[PDB]
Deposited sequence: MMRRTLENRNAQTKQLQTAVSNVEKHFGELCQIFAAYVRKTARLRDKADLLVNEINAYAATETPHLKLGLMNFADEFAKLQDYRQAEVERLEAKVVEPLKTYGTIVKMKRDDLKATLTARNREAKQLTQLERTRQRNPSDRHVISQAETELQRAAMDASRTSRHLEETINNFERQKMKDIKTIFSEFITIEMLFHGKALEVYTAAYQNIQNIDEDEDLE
């Protein structure tokens, strides 16, 4: 029905996703890197608490070492958060560079194929009319289905990717809460004798 409008609609949708998913990808990747750098410093904190504990009196040494044990455990969970974020948030967003490329390549091929084939006067005009009618019908069916699928998949994927980010963070914060709730007690039960 409207080739200029369907074409523009598809190019605008794929280009918008390309730009914004690509930007989300690199910021998520940076967020993951910063999370790992925080985990490095927490690891140094584990090592120093144990090194100081080693020099101290029994009750204080024990309480600090027990706290270091919990805090070290938390940093294994942080490392697992780091790895799940890269696997389930960053990598799927990076995959959209390829999806967008395939969508553009299919649009170009769609219009090139119908063009290649196209390349008395009344009979010639009738054959070209018939061909144009067939191609208009097939191309507009195809463009419509490509647009509708792209948009449905983009929504599914956005929901998945942000739902995974949120799930991964909730699980880490949930573990952190229960570790810190435990660690509080053994710092508090360091007997001042």
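A.B. asks: In sequence order, which parts of the deposited sequence are missing C-alpha coordinates?
C.D. replies: Coordinates drop out over 1-6, 126-141, 216-219.
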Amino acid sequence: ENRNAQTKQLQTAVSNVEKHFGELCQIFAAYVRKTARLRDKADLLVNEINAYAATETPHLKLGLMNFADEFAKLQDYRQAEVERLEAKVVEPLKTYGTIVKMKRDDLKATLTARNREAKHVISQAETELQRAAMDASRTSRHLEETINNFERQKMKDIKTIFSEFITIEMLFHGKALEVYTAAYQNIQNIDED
From here on, numbers count along this sequence of modelled residues.
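A.B. asks: Which is higher on average in the deposited entry, the C-alpha temperature factors of 91-99 or of 108-116?
C.D. replies: Looking at the recorded C-alpha B-factors, 108-116 comes out higher on average.
A.B. asks: Return whichever of 141-149 and 55-63 has the greater mean Cα B factor according to the PDB record.
C.D. replies: Per the deposited B-factors, the answer is 55-63.
A.B. asks: Which listed residue, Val17, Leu171, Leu10, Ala182, has the largest C-alpha temperature factor in the record?
C.D. replies: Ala182 has the highest C-alpha B-factor of those listed.
A.B. asks: By the recorded C-alpha temperature factor, relative to the other modelled residues in its chain, which third is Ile122 in?
C.D. replies: Middle third by C-alpha B-factor.
A.B. asks: Once the chain's modelled residues are ordered by C-alpha B factor and cut into thirds, is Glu48 in the lowest, middle or highest one?
C.D. replies: As the PDB entry reports it, the C-alpha B-factor of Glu48 lands in the middle third of its chain.
A.B. asks: Please place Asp157 in the lowest, middle or highest third of its chain according to the CA B-factor in the PDB entry.
C.D. replies: Its C-alpha B-factor, which the entry lists for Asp157, ranks in the lowest third among residues of this chain.
A.B. asks: Sort the modelled residues of this chain by their C-alpha B factor and say whether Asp69 lands in the lowest, middle or highest third.
C.D. replies: Within its chain, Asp69 is a highest-third residue by C-alpha B-factor, going by the deposited values.
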